[PDB]
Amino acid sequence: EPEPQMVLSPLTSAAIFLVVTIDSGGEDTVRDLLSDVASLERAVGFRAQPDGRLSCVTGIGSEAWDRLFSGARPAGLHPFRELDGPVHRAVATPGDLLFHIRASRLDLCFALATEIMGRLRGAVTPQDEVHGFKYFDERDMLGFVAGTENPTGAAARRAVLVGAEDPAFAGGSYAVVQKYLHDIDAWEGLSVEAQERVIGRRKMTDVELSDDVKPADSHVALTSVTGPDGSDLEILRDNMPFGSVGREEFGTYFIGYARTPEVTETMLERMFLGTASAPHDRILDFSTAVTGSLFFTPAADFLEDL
């Protein structure tokens, strides 16, 4: 059986998201780090157990894949597709490696990020570094409970992990990242009732709006997708608030894991391009994407045997 990376792990109160590009001739240094990254995770995390809950998920971009490895490519791997909607745009930004670092404490994230970047100095250029913090009541930067409808157990495994459709990369997953900045002044001008119509859930109680009152351009309505079979298409999201009060930056770092990028890309199409019944997702009237990248997160044993 192939060992997945910790893609199925739950939300934690802290995260570091590190996106880098591989400099010309940095390939060899990168391959050596990838073969050690699970051992670095154990080195930093084991002594802080059991409360630490440290994990690192490592992702590799479409272009970087061709630079690093000969042989088969994962079937779903391609650069992030820019979406030019009538009003809102999903931008594509450079990204060769993702490190999705989670723990109960920011210091354990930082210590692992320090060892990884120590090994990669002179081989990579940092593109994005975000320090995420969840609110103590599981709320995001808009004041809503975040993660409620994430799949669990066998449903999560089936939605997130590559299987027989691409057997050489079984136990892998696809990660889409987008850094969003919010217009908090505009958001806080809405009544609570208006905010609930944007999201599609009650703010205090987190109960879903019933189908007769849920607007067709609510976040929950547009990111609800049924397959040909009639079955719900699901992703696993580990979204984190981040910000700087001095710079008035109040953000959500979106990360969504799926067995194929087509599920996440369908949701993004419905959000940015809309449908017959909805011009666009009302959350984008308060949220601007400033990054967008797609990564393949291989099985742990693929990184180890390299």
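Position 1 is the first residue in the sequence shown; the rest follow in order.
Of the two stretches examined, 67 to 75 and 119 to 127, the record assigns the greater average C-alpha temperature factor to 67 to 75. Here 82 to 90 and 171 to 179 are compared by their mean Cα B-factor, and 82 to 90 comes out higher. Across the residues 239, 264, 49, 58, the deposited record lists the maximum Cα B factor for 49. Looking at 166, 208, 149, 140, the one whose CA carries the top B-factor in the deposited record is 166.
Among all modelled residues in this chain, the alpha-carbon of residue 204 has a temperature factor (C-alpha) in the middle third. Among the modelled residues of its chain, residue 24 has a C-alpha B-factor that falls in the highest third, as given in the PDB entry.
Ranked by Cα temperature factor within the chain, residue 260 sits in the middle third according to the deposited record. When the modelled residues of the chain are ordered by their C-alpha B factor, residue 157 lands in the highest third. Per the PDB record, residue ranking by Cα B-factor puts residue 290 in the middle third of the chain.
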